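Residue numbers (PDB author numbering), protein chains in the order written: chain A, 68 to 790; chain B, 237 to 295; chain C, 703 to 760.
All residues carry an ideal CB built from backbone N, CA and C; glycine is no exception.
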Amino acid sequence: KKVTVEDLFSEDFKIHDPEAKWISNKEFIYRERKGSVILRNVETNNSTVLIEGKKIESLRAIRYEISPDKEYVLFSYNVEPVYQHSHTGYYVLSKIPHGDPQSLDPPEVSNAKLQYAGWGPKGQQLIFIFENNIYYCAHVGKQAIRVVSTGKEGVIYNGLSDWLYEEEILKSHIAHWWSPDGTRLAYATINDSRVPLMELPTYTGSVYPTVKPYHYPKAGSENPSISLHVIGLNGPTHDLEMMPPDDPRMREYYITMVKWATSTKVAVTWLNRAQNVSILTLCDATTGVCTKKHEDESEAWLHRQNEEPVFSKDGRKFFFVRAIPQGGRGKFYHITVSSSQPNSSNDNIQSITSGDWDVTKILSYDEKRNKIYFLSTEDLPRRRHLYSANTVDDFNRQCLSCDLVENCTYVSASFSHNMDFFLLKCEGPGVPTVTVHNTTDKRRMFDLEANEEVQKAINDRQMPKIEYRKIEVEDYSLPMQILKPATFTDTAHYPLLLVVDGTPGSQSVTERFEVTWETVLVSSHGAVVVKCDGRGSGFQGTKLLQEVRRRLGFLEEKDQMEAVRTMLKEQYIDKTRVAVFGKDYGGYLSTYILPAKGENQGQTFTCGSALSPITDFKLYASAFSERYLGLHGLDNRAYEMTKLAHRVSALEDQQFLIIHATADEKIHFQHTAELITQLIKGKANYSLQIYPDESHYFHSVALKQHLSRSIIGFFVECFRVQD
Amino acid sequence: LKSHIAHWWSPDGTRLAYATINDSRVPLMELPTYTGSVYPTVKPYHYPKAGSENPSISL
Amino acid sequence: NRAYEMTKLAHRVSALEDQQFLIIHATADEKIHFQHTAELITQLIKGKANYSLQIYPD
């Protein structure tokens, strides 16, 4: 049969995984398909049912955060994640494997939702934040202790974060990851007291409804006062702040990193407003002094500060990722080791890897084998492979995911705490499958799951064609994928649906197996689809990063049009049904590319679209507005170029759509209102569908369905050949 | 009144009626501001939302 | 308010199946606010009908 929308969202397609996380040296948890959570040691392979398939249902919970002690079970029901990573709900501490449902409440309080639920990464001390105030329970049965209280809802938060940061720096709820020992609580008290409030559309609600005031600073507007506070939750709850270091370039900073090296040595970064200088400073839980160890400086802007320097088990050597030269082709990320000398500002840095590609993050520093494990792009910028590497005397390159896991160039690892074993969960380009391993001898112990009923399910549907090529631009070899039907033919003339991403720093072109609306169109209605990574694509150099400084959106049209430039020369693409696409800036690129009139042809596309597109940065927050175009107010020049009012009057009759949501949280709705006016003016044809009060990630699924089918229900009418 | 003109002279120019309308208690309806600038500055002008109050007028 | 209830479009917006819709509403309506429209795109998208959008910013 043809793959449809309900197909994508049928449980028969549920690519499953056992949700593992390593608490001990050799034991790894793993979910059963019937809710009964199971813990598996690597060596002994023992499978334990402390959690039956039922208690998750009767409690409706989805989070189980067991303290590393395996004594109790934290639960979480009525959980409505407000953000990408956040969540909020009423939570219960119950016992392993059985215990009455005991609500973890603030002292003197009954039945309280908690801004975050979690024990410590050790023992069974816990905190739980409420009304921006962090509580602390020392052990089970104890009345908690509101160890932090300065947070006032809306603006000042404790263990929680503010507008211009937590949706333009972290994107993650967290401001509290404890130490490897758990004697202290890191928490950022960020303060939007000067950052204004976006009375963001609450277009529904009460009988006399209004909009919900929460924060909004603007391009050229201040940031909130972030910090790394560290309360020592054992004995004296001593809060010492990790303070910004000696740099006049750090006037309007951004704490963009928290890792707990050890029980006493900690690090914090400071991302300035220009985002050209940021300083990974080793701070001190016992006094706060952020010992400058390494500082990052790139004239255009700095990249990848959210990545923690994961200091060793001791807290000096922070192997930190920094881009090393790659000969004539420039600066590409390769991990460098930086020992925090006891009294140093500059560290003797020693680069682990090298080559014309970039590395991403230290998953672990293994001082046992000396064979560190890193994920990089040694094979292809579209592939992902875990390797094993020495950091002394060899800088060896040795793979645990090359030639070991079959057609799995999208691999994610979770190491047994003794570094002798690990999960490394596989994703495809086959059907995804689970792989724990034995780090010593590279022989996996057993197969945990493979989405087999899903693997079963694909074997009954039309999987279309895949093809790998490239396009040659002045300096770069731009790769190019294509997706043609299961019944593809060399002669038939097809519509065009070119996809892109657009947003500064991202890459999306991959081999991975994906079951989306894309192939649904290729099968159900015969789509010829194309992708490519070029200028504007991340993970291929700062020359590919920092070229676009003050030049967003513009050169991205040219290289993407260069793709279809090669496309239309070939026969079997229909020149009547032509369209582009993209999201989050591919929407912008879709818009920025749709009206580019051919050198000897009119509207090259018959229609287009744009998925929740970023439009304009003065309509947008401070830090993203000024990350790439020079500081707003100091240099607003590049912003007005990126305006699409500059592009609205170029459209004539090519039916161009936009999708967008109202309560959107990163791509603000007033990226639309302050652009649709311009299409209203230019008297081209716009067309919109907006979502009332629903966020940017569509926490409920049916929205994706409504999103998917509607992109289709449009495209079908667009590609119905007209009389 | 099929007019917003409700202050009625004496037809020879001696007297004048009028209305003392009072919206001091009607709830706040947000008849909003959104565009132009990128920050909103809103105009709460009230509204009868059915079940809310009707106007008292003295001459 | 049964009539007030029975006069809600929810009772009637449901039966919309394939009739092409284009809703005329600009943003800063003083009298019939944008709320009165977004209150409907809830009802439309629940009913899964097709539409485009006719909005002017203020």
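Close beta carbons around residue i, own chain, < 6 Å, minus the five adjacent residues each side
| i | result |
| --- | --- |
| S754/A | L724 |
| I726/C | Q756 |
| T500/A | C493, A517 |
| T336/A | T323, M324, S345, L347, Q372 |
| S573/A | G605 |
| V262/B | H282, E289 |
| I525/A | none |
| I196/A | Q182, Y183, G226 |
| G355/A | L307, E308, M309, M310 |
Outcome for residue i when other beta-carbon atoms lying within 10 angstroms are tallied against a minimum of 16
| i | result |
| --- | --- |
| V783/A | exposed |
| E693/A | buried |
| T739/C | buried |
| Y706/C | exposed |
| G620/A | buried |
| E362/A | buried |
| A594/A | buried |
| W584/A | buried |
| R704/C | exposed |
| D626/A | buried |
| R127/A | exposed |
| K509/A | exposed |
| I241/B | exposed |
| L711/C | exposed |
| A352/A | buried |
| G397/A | exposed |
| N145/A | exposed |
| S260/B | exposed |
Expected contact under 8 Å - CB spacing of residue i and residue j to nearest Å
| i | j | result |
| --- | --- | --- |
| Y639/A | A286/A | With 8 Å as the limit, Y639/A and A286/A do not qualify as a contact, their Cβ atoms being about 46 Å apart. |
| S143/A | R130/A | 3 Å |
| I416/A | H401/A | Not really, about 11 Å apart at Cβ, beyond 8 Å. |
| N200/A | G218/A | 5 Å |
| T671/A | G665/A | 5 Å |
| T444/A | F606/A | 7 Å |
| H296/A | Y254/A | 5 Å |
| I118/A | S103/A | 6 Å |
| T329/A | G382/A | 4 Å |
| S407/A | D414/A | 7 Å |
| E266/B | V589/A | Contact flag wrong, Cβ pair sits at about 46 Å. |
| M628/A | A663/A | 6 Å |
| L447/A | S468/A | With a Cβ gap of about 13 Å, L447/A and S468/A do not count as contacting. |
| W327/A | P247/A | 6 Å |
Contacts around residue i, its chain only, beta-carbon distance under 8 Å, and the 5 residues preceding and following it disregarded
| i | result |
| --- | --- |
| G394/A | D423 |
| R318/A | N339, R340 |
DSSP beta-bridge partners of residue i
| i | result |
| --- | --- |
| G156/A | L181/A |
| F648/A | Note: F648/A sits in no beta bridge, so no partner. |
| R451/A | Paired residue(s): none; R451/A is not in a bridge. |
| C357/A | In the DSSP output, where bridge partners are listed per residue, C357/A has none listed. |
| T502/A | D514/A |
| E94/A | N108/A |
| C469/A | For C469/A, which the question treats as bridged, DSSP gives no partner whatsoever. |
| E308/A | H296/A |
| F399/A | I391/A |
| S239/B | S239/B is not bridged to any residue. |
| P546/A | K537/A |
Close Cβ partners of residue i (< 7 Å) along its chain, the five nearest in sequence each way excluded
| i | result |
| --- | --- |
| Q772/A | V72, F76 |
| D557/A | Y639 |
| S575/A | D568 |
| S292/A | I257, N258 |
| residue 27/A | Outside the modelled stretch of chain A, which goes from 68 to 790, sits residue 27/A, for which no answer is possible. |
| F80/A | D74, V521, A524, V582 |
| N108/A | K93, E94 |
Residue i Cβ short of 7 Å to the ligand FAD heavy atom set
| i | result |
| --- | --- |
| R632/A | In terms of ligand content, the structure shown is empty, and the ligand FAD therefore cannot be addressed. |
TODO: Examine the Cβ distances between the segment 731-747 of chain C and the segment 306-317 of chain A and report whether three or more of them are shorter than 8 Å.
DONE: With contact defined as three or more Cβ pairs closer than 8 Å, the segment 731-747 of chain C and the segment 306-317 of chain A are not in contact.
Open item on the list: Check whether the segment 500-516 of chain A and the segment 70-78 of chain A touch, using three or more Cβ-Cβ pairs below 8 Å as the test.
Closed with: no
- [ ] Take every Cβ of the segment 211-225 of chain A, pair it with every Cβ of the segment 136-152 of chain A, and state whether three or more of those distances are shorter than 8 Å.
- [x] no
Open item on the list: I'd like to know if the segment 190-209 of chain A and the segment 231-239 of chain A are in contact, where contact means that at least 3 CB-CB pairs between them fall below 8 Å.
Closed with: no
TODO: Indicate whether the contact test is met: 3 or more Cβ pairs, each with one atom in the segment 81-92 of chain A and one in the segment 482-490 of chain A, closer than 8 Å.
DONE: Judged by Cβ distances under 8 Å, the segment 81-92 of chain A makes contact with the segment 482-490 of chain A, as three or more pairs qualify.
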